[PDB]
Structure formats: structure tokens, C-alpha cells
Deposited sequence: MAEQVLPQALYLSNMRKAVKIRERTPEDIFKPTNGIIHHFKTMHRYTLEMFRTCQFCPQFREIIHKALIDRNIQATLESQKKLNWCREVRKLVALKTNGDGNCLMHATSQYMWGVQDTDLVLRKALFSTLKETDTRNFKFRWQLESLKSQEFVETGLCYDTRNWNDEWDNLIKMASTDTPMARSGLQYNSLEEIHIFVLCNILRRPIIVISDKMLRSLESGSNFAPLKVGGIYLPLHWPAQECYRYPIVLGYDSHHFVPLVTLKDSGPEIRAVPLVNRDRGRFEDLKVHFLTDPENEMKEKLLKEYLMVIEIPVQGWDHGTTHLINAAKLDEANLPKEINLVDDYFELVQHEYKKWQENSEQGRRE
């Protein structure tokens, strides 16, 4: 009614500043290394506290921003926000046009979706122009564990990542998430009911990576970001790495698989969270770190507050 249907519409100018900055941050080095983001990959969105409003109005906000359906589904399958020691994650709405992985990933860190296809076009560019040998071998090895022409199956996965029309764009498998996390130099954790698990940017030393994860959620054939709520009470800001069965760690090689637990401690910031008394591993999540210049959430909030006084 009153409030606009997406964060970006709160300040369309600001939205563009972001969309313009994103392509300029991509590096594309000469020595053969994967294309990557210089700086913008370290940013992280946090949702505003919807707790302090009259529930007639709290629902008006949630209707606009939150994917109530997909959150319910992951909560009802005891996969999202089951632990009472960690802070609550909220699922944001994401355009299901075939590029939702990118939209959700883009949203996690900037608030804007991938409507300009910047992340999508980067994933494809990397697959056409960089050394894909290692990626392929990892995919063969993961695919074997789960008469076929491997080279054909691979060359098809590359074609799918393109922006060409086949849903307006092709949907993306698990190998794409793995390549995406290496372009970002930041691990990605997907929560679901085989996509679910942990994607580590193993083409980079952990010293060169941002060691807070992007947290996506997955149901139907739909991705969304699972953003934390801002700066609230005394629960720890972290995602549990066990559902106790551990989350899958995709595309490891055999030597890496032997040192799996040491790798999670390398690429993420692991902490022991206690659970009913057993202790479980969990990765620390990022505090909101978007500067005012490109912070859409702060704008939407000041807008909500004003529209709430009008409502009271």
C-alpha cells in the first residue's frame, strides 16, 4: 500500500550508483587468474528490525520485503532458524526470472538485484575465457560420486551460464555457485531441504578471501538471500554448519577431503555453539558494513518510519 515493493525503490538514484560501481570493481587480470571483485565483495546487507511496530503494520512491511512463503518452508523443515543460540535470518524476495542465484547473491551484499546481468555475465565470461580445467575435474569427480559424454555435459553447463534465451534465462546448477564463490573470493552457504551445503573459494588462498559467507536459501527452483536482522539482542551472529549431520562441502578433491575440518576453519570464521550437551561448528556472519553512500536499507528504513508516523 504505502511502502514500496523493494529496497531499491526507496532511492533509485542510490540504486544506480551501486549498479554503476559493480562493473568497475571487476578486475580481469592478465596472468590467467580468475576475474574477481577488488572490494565490493566485502559488503553485506542487514535487514532493519521489524519488531517495534503494531502487527497490522509489521505485516505491511513483511509483505513488501520478505519472502514469507520460502521462509516458512525452510523453518517448517527445521533447516532455517532452528538453533535458539544464533540470530534469526529473514528471506528477502527475489525475481524468479532464471537468474535468481545471481539476484540473491547480488542482494545479499548490495541490496540491488542483478537486473543489469553483471554477475551473470561475469560467470559466463570466466567460463569461456579462463582456465576451466580444474573446475571441470572437480565437477567430474563430484558428478561421479552421485556411457555418458563428459565433454558434452560440460560444454552444455557453460552454454547455460550465458545470457542467451533458452523463464527468460537458463537456471544454474551447483558448479555455477562454486565458480561464483571464486569470482567473489567469498564462501557461499546454501540452506535447503543436492544444492545445499558449503562452497569454498579454493582457487584462492584463504588469506586473499573474505571469510564471512553469503547465505542463500533454496526451495522449489528458487534462491533467496538469508539476511540477518540489525544489531539487536545477545544471540551470536552465526550460521550453524550442521543440520547432527554436517553440511556438504562441494567439489573438494581427495587430499582436501581428508583436511575438510581444517579447511572450514581456514575459509570461514568457525565457532563452537553449544546445543541440546553437544558442541557444533558454526560460521560467524558479517555485521552490516555498507557505507551511507551506497546503503539502500538505511533509506528504506527512514521511509518506513515516516510512513508509520503518518499511519499512527
Got a list of the deposited-sequence ranges with no coordinates? 1-3, 150-160, 181-185, 213-227, 278-282, 316-321, 358-366
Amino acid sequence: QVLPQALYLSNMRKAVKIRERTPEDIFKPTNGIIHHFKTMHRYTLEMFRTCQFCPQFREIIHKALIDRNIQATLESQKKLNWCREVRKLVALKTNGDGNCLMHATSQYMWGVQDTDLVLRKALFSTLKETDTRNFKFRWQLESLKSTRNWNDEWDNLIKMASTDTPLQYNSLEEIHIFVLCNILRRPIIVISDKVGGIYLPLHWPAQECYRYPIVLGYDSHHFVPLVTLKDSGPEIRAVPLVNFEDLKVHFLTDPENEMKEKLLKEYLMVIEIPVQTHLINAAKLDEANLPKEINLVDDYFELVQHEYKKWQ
From here on, numbers count along this sequence of modelled residues.
Stretch with the greater mean C-alpha B-factor as recorded in the entry, comparing 104-112 against 130-138: 130-138
Comparing 178-186 with 154-162, the one whose average Cα B-factor in the PDB entry is higher: 154-162
Kindly indicate the residue among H203, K88, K121, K145 with the greatest C-alpha B-factor in the PDB record. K88
Specify which of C83, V227, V224, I198 carries the largest Cα B factor in the deposited PDB entry. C83
Where the record places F251 (Cα B-factor, split into thirds across the chain): middle
Should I18 be placed in the lowest, middle or highest third of its chain by the C-alpha B factor in the entry? lowest
Can you tell me which third, lowest, middle or highest, the CA B-factor of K194 falls into for its chain? highest
Chain thirds of CA B-factor: placement of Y169: highest
Quick tally, chain-level thirds of C-alpha B-factors: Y43 sits in the lowest
